[PDB]
């Protein structure tokens, strides 16, 4: 066990059962809808649906957003196994996870993203799979920048020979010459502003359009 690729649900240590409620609504979405794109991942996936204009770029494409703030790779794995891929036949699955895998080496997080791609390839063999690169983070140079850049290296080399697996680097150049990330792009140096989402979402919406 890489802990990153061992499927496990987020345990409720708070009391309000929200994670599980999120997961059950997505399962019910899958039972009742027929998306062509399913988006899955952590809060950069999740807030794209609020905080981007999803409705203009991504709703036309017939698209479910199954992002869950705080998810690591292994949580996304558990949710694809436990009913979020039932009853559906997407053409494309977009995956954006790995920046919450705290305490996991870049090689373990890469192993996590590879297990996600593998599960999607078995459970939904017709779909293309898109993996987004992990964005830089923090206001200044720090070790999670180099973690995320190393995951992106190891992931892009892993996907390089998959005909229907696409790695996408959506970073527009968020880190400036002086090393800084501006809070106009990322209000807390991790999560994207409305401004930060635009270039990200049009790099993805293009890729989505070529594929589809």
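Numbering follows the first chain given and starts at 1.
Colleague: Would you tell me which stretch averages the higher CA B-factor in the PDB entry, 37-45 or 56-64?
Modeller: Stretch with the greater average CA B-factor: 56-64.
Colleague: Quick check on the record: does 157-165 or 23-31 carry the larger mean Cα temperature factor?
Modeller: For C-alpha atoms only, the mean B-factor is higher in 157-165.
Colleague: Based on the entry's values, in what third of the chain does the Cα temperature factor of residue 182 lie: lowest, middle or highest?
Modeller: Within its chain, residue 182 is a middle-third residue by C-alpha B-factor, going by the deposited values.
Colleague: Comparing against every modelled residue in the chain, figure out the third that the C-alpha B-factor of residue 175 lands in (lowest, middle or highest).
Modeller: It falls in the top third of the chain.
Colleague: Using only modelled residues of the chain, where does the Cα B factor of residue 151 rank: lowest third, middle third or highest third?
Modeller: Its C-alpha B-factor, which the entry lists for residue 151, ranks in the middle third among residues of this chain.
Colleague: Sorting by Cα B-factor within the chain, modelled residues only, which third would residue 190 end up in: lowest, middle or highest?
Modeller: Lowest third of the chain for residue 190's C-alpha B-factor.
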